[PDB]
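One chain comes next, on its own, written out as structure tokens in the form deposited in one PDB entry.
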């Protein structure tokens, strides 16, 4: 009966895009220069080619995880939930801190779609499974759960997280951040999780650190024996300007 999936198909020129991103990343990051980008592509394709794209497992991605092993300075991590573009803008100006997309494997996959099919060795450019409409264990969703659990496990000292203060659930306990990332923060390594709650422009300077879902996050973090801190980012434009030039007279010292 199944004639196609509900989601968009594999990114056009996905193979070229993965290989090119690997070459660019290993140029910019001489600490990953040991990587063989063709081997990385072959491991990536091997995770999902010739497999039914609702049957993918974390073990499928183990060859890729091995080749893309990277040590990230554990006290320099910025996590995010539903506000990736501002998190990226932040690490473009605070260049010693890392989101997952600043790691080799996150950089390879960012904003892409991919899948295969059981019958053949071909990449499916026509359609790929949507996580909700078709199946959760799809090539893209399984990749991100695999790599983000390792990223969260590795974080230490003070960990920061950006949250979207415009959403109905500023912290959604069932989001990928709330499931995979929060519950892989290890208390033996992590002292504090500090949330940066980004105002949208319709929160009227309310203190969103008192929001019910932030109180939920505080309780979950407290139960993992980690300290919780929360800061409102009232003006995300001015915040980035001040990260770039900390002496600009528009700067606050709220963060």
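Residue numbers count along the first chain shown, from 1. Rigid core here is just the name for the largest C-alpha set that superposes within 1.5 Å across the two forms.
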State which stretch shows the higher mean Cα B factor in the entry: 27-35 or 217-225. 27-35
Mind pulling up the entry and telling me whether 199-207 or 60-68 has the higher mean Cα temperature factor? 199-207
Choose from 100, 163, 119, 86 the residue with the greatest Cα B-factor as stated in the PDB record. 119
Among 94, 113, 146, 138, which carries the highest Cα B-factor? 94
Going by the entry, which third of its chain does the Cα temperature factor of residue 240 land in? highest
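A second form of this protein, the form deposited in another entry, is not displayed here; the remarks below concern that form.
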State which of the options 229, 186, 69, 38 undergoes a Cα shift of 2 Å or more between the shown form and the other one, taking the core as fixed. 69
Hey, does residue 203 budge by 2 Å or more at the Cα between the shown form and the other one once the core is superposed? yes
